[PDB]
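When reading the values below, keep in mind they use all heavy atoms of this one structure, side chains included, and skip hydrogens, waters and symmetry mates. Convention: sequence-line order gives letters A, B, ...; per-chain numbering from 1.
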Amino acid sequence: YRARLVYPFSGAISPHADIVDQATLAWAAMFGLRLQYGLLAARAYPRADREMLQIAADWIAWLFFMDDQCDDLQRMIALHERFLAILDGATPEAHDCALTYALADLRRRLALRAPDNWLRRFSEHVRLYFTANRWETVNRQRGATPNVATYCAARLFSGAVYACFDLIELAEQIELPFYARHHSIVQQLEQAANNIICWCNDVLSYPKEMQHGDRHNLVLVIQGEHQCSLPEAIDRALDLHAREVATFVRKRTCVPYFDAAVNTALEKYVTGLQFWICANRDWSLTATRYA
Amino acid sequence: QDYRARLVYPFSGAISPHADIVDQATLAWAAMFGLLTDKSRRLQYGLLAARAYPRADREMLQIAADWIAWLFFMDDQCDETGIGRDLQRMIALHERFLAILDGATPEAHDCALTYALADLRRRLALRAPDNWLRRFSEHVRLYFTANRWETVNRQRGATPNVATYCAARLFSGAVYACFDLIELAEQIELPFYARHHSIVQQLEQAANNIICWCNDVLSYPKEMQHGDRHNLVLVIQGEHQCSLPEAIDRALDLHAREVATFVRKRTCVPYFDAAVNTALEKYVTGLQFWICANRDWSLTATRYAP
Ligand SMILES: CC(C)=CCC/C(C)=C/CC[C@H](C)CCOP(=O)(O)OP(=O)(O)O
Ligand SMILES: CC(C)=CCC/C(C)=C/CC[C@H](C)CCOP(=O)(O)OP(=O)(O)O
Ligand SMILES: [Mg+2]
Ligand SMILES: [Mg+2]
Ligand SMILES: [Mg+2]
Ligand SMILES: [Mg+2]
């Protein structure tokens with residue numbers, strides 16, 4: 001089943017991978033938060049300078065530490081409120097959670113690297129991530145059973161992949177005009193890449209999520225919808241992954257010609273989406289997390 | 001349990017950008033030569049090679065990755081199967097390998113590893129002069145000799161003292177054979193007088209010791225589990241009759257001391273001429289890439305996980 005997570009393109013890894021992974025474990029220790037999160041970041045942004053790769057690695061660590069620590073809606077609503085204050089630029093006062101201080105450091109370091117325009121886009125993607133998490137949490141407690149369409153539409157935001165795609169611009173040191181960033185084909189390539197990354201994860205993490213009574217997983221949602229066996233649910237999930245890869249590859253050639261400079265930056269951005277798709281698969285296949 | 005904090009080097013490694021592509025190509029090579037028996041996708045032997053030869057061209061890196069894979073496939077038979085306890089079977093196999101290293105063509109019913117070694121020999125012959133193949137072949141011969149010596153220890157239920165173990169370990173780990181590949185990876189030639197210089201040999205010895213003793217600390221659990229005692233931790237524990245934690249501390253102390261020796265001896269390389277000293281500084285950088293590669297890969301490799 002795992003062997004069927006395949007792409008017609010290949011990834012790359014930063015030569016700095018291990019130095020970043022060590023500095024991530026050092027960073028997590030400093031803020032009081034096996035793992036190899038730096039080796040995901042090193043594959044996801046393989047051309048990035050060491051300074052920018054380290055921010056991306058520390059951000060990716062934060063998301064995993066967040067996902068792990070959360071293991072109660074009133075408590076979740078309270079925490080998300082303040083994270084967003086930090087993201088928009090509120091000082092981490094006393095009695096703040098370790099994660100809040102860590103997020104304050106990431107915002108601080110990104111502010112040195114990116115314009116206000118970028119910080120807003122990143123912040124909005126993070127807000128939608130929190131919203132999607134609160135939605136999944138309610139479903140869990142209330143025992144709600146979302147269909148495949150609903151799960152997949154929510155999964156695009158619950159995985160925070162869009163926040164990670166925002167870092168591609170900083171890694172690649174590219175600027176895209178509003179009209180190119182928001183173009184329907186660019187959005188459809190981002191959606192395809194996000195679905196591929198999430199559905200790859202779901203196929204690899206379903207055993208983990210079954211054990212902990214979580215059903216927010218494509219294989220588990222497909223199983224419930226079709227009233228079918230686990231092997232058929234896995235087969236259906238990998239068919240959707242295969243179809244989404246075909247869709248990404250096809251739409252790559254549908255990007256309009258704006259001008260030389262804009263299309264150069266767009267080619268780098270889409271190459272960045274491919275690096276992230278391969279990074280997710282290459283990293284997850286080896287990761288202790290899904291063993 | 002975590003020894004990262006006690007395996008520190010004052011130099012850093014690097015990894016080839018093609019690390020994952022190289023590992024996938026190694027699995028295909030392994031499959032092609034029928035070396036995969038029974039989690040092939042978590043071996044990650046390409047990810048060690050990618051770190052050990054980080055600046056190598058994809059073709060030379062692929063030979064290095066397949067060679068490192070070959071050593072692990074071979075090693076697992078010796079260190080976990082009956083051939084490692086049968087000197088007469090080991091002598092028979094080594095005679096076939098040695099024939100192949102000299103350039104003999106594999107017979108129809110030579111074992112998978114013999115066919116695989118012949119492929120590596122052919123590919124190295126395309127990339128290396130005859131003098132190199134002789135140096136490589138001799139280091140591999142000493143590896144076989146050291147493994148037969150380990151086999152006799154397993155057979156007799158013997159444990160060597162620290163001095164004897166460490167002296168044998170420099171050959172049983174095949175690190176010198178892997179060091180030979182640095183020359184091809186970095187596309188350098190050293191003249192005989194530079195290659196054999198006392199200080200160059202002492203730097204290779206220290207680098208080899210560091211790699212083996214780092215491995216011994218990280219691999220003592222899986223080796224205890226198979227009843228193997230060819231491990232600095234287990235030999236120290238045998239000699240001093242001390243606790244396992246004391247043995248580990250003593251092993252990590254020797255590792256630290258060897259790192260210090262390597263770093264200080266770096267500055268003792270004589271000036272021969274511009275060309276040779278540029279090639280030697282490239283080579284010594286190569287030893288540092290290997291030292292880091294060994295630790296960086298081993299800390300996260302499934303091979304050394306409980
Ligand atoms: C954890 C996180 C939000 C992001 C890490 C970085 C990243 C975008 C990785 C891709 C894998 C997938 C989208 C994780 C989603 O969280 P999920 O809870 O499905 O991850 P898990 O299967 O590892 O528990
Ligand atoms: C397998 C082999 C001879 C070499 C692979 C490449 C290499 C030079 C690796 C460095 C670590 C160490 C020398 C492994 C061999 O010893 P050992 O048998 O203790 O390896 P293990 O602890 O991984 O089983
Ligand atoms: Mg998951
Ligand atoms: Mg989860
Ligand atoms: Mg072994
Ligand atoms: Mg060992």
Side-chain angles (χ1 to χ4, degrees), chain A residues 2-26 28-29 34-48 50 53-54 57 171 200 203-204 271 274-291, chain B residues 1-5 7-28 31 36 39-56 58 61 218 285 288-306:
Chain A
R2 298 166 92 76
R4 287 169 60 185
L5 297 171
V6 166
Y7 311 108
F9 44 85
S10 59
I13 196 167
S14 176
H16 317 297
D18 290 303
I19 300 162
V20 171
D21 191 48
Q22 289 164 17
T24 299
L25 289 184
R34 290 76 160 164
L35 305 175
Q36 307 177 41
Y37 299 143
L39 298 189
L40 174 52
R43 289 180 174 95
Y45 315 93
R47 305 282 168 82
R50 198 175 147 191
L53 183 53
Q54 195 60 64
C200 183
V203 168
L204 299 174
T271 298
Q274 279 179 203
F275 279 140
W276 234 114
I277 291 164
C278 291
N280 175 62
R281 186 278 315 278
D282 295 344
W283 181 79
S284 295
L285 279 183
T286 83
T288 291
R289 194 168 183 77
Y290 316 118
Chain B
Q1 192 68 53
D2 186 17
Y3 293 115
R4 187 181 296 265
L7 296 170
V8 176
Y9 308 124
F11 44 80
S12 306
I15 188 163
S16 173
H18 304 305
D20 291 302
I21 289 160
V22 161
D23 192 65
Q24 292 168 24
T26 291
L27 291 185
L36 296 172
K39 59 183 170 54
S40 64
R41 189 171 289 285
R42 278 193 185 81
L43 295 180
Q44 310 164 270
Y45 299 147
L47 302 194
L48 177 54
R51 288 177 173 94
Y53 313 97
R55 294 170 177 167
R58 190 175 157 189
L61 182 53
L218 297 181
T285 302
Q288 285 178 196
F289 280 135
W290 236 112
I291 289 164
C292 291
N294 178 59
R295 179 212 51 198
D296 294 341
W297 180 79
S298 299
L299 281 173
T300 58
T302 291
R303 185 173 183 80
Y304 309 118

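Contact of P17(B) with chain A is made through backbone and side chain together, with heavy-atom distances under 4.5 Å. With a threshold of 4.5 angstrom between heavy atoms, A42(A) does not approach chain B through any atom at all. With a 4.5 angstrom heavy-atom cutoff, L25(A) touches chain B only via side-chain atoms. For chain A, the nearby parts of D2(B) are the backbone and the side chain; heavy atoms of each come within less than 4.5 Å. With a 4.5 angstrom heavy-atom cutoff, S14(A) touches chain B only via backbone atoms. At a 4.5 Å heavy-atom cutoff, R55(B) makes no contact with chain A through either its backbone or its side chain.
Counting heavy atoms from C-beta outward, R41(B) and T286(A) have side chains that stay 4.5 Å or more apart. Two residues are said to be in side-chain contact when any heavy atoms from C-beta on lie closer than 4.5 Å; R42(B) and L285(A) fail this criterion.
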Would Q24(B) and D282(A) count as a side chain to side chain contact (heavy atoms under 4.5 Å, CB included) here? Give the steps.
CA-CA 10 Å; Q24(B) 292 168 24; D282(A) 295 344; 4.0 Å; yes
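When the shell of 6.0 Å around CZ of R4(B) is examined, it contains more than 12 heavy atoms from other residues, nucleotides or ligands.
How far CD1 of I19(A) is from CD1 of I15(B): 11.0 Å, rounded to the nearest 0.5 Å. Atom OG in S10(A) sits 8.5 Å away from atom NE2 in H18(B) (nearest 0.5 Å).
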